[PDB]
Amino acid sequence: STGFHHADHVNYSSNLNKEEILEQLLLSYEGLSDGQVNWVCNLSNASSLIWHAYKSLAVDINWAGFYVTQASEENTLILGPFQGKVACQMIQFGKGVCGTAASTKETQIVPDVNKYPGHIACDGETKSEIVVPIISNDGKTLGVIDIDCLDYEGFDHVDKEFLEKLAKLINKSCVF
């Protein structure tokens, strides 16, 4: 027996830098998602990883999780696993930050959500947000990775660059 528990993946002593923490996240995700293709399992655990990483980073986040492209309908996101407070159930493609990322297939970084026309506030206290789409082999949107922050200007390119890797990893480790 290793002495490790599954939960030990979210121990990031605060002395580590941003690069180390996020690189650890990606490695934790591989190890956790290796055993199964089940997307509910992999994203649930992924949400925990994202949440604790950012808390460890001293980013005042209030949401960390996913929306997934609905089975029957190609243009609707349905709420998936997440860490944080009760969230919006369904989001059309093209609508708000999440639907915008879904439609453009491109990452969205928003410094002030109240200044973002069309913003879908699931938590009224959210001031900033990043959304990164999860792209299939055939280039289609499978879902989005979404993070909310209680401060303005919470996310930048480092978050985008890392979350784009996590998405590729998810596509490769999950059957949607």
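From 1 onward, residues are counted along the sequence shown.
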property	result
Residue stretch of maximal mean CA temperature factor, 65-73 vs 122-130	65-73
Stretch with the greater mean C-alpha B-factor as recorded in the entry, comparing 134-142 against 36-44	134-142
Cα B factor band for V113 (lowest, middle or highest third within the chain)	middle
Chain third (lowest, middle, highest) by recorded CA B-factor, residue given as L27	highest
Chain third (lowest, middle, highest) by recorded CA B-factor, residue given as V97	lowest
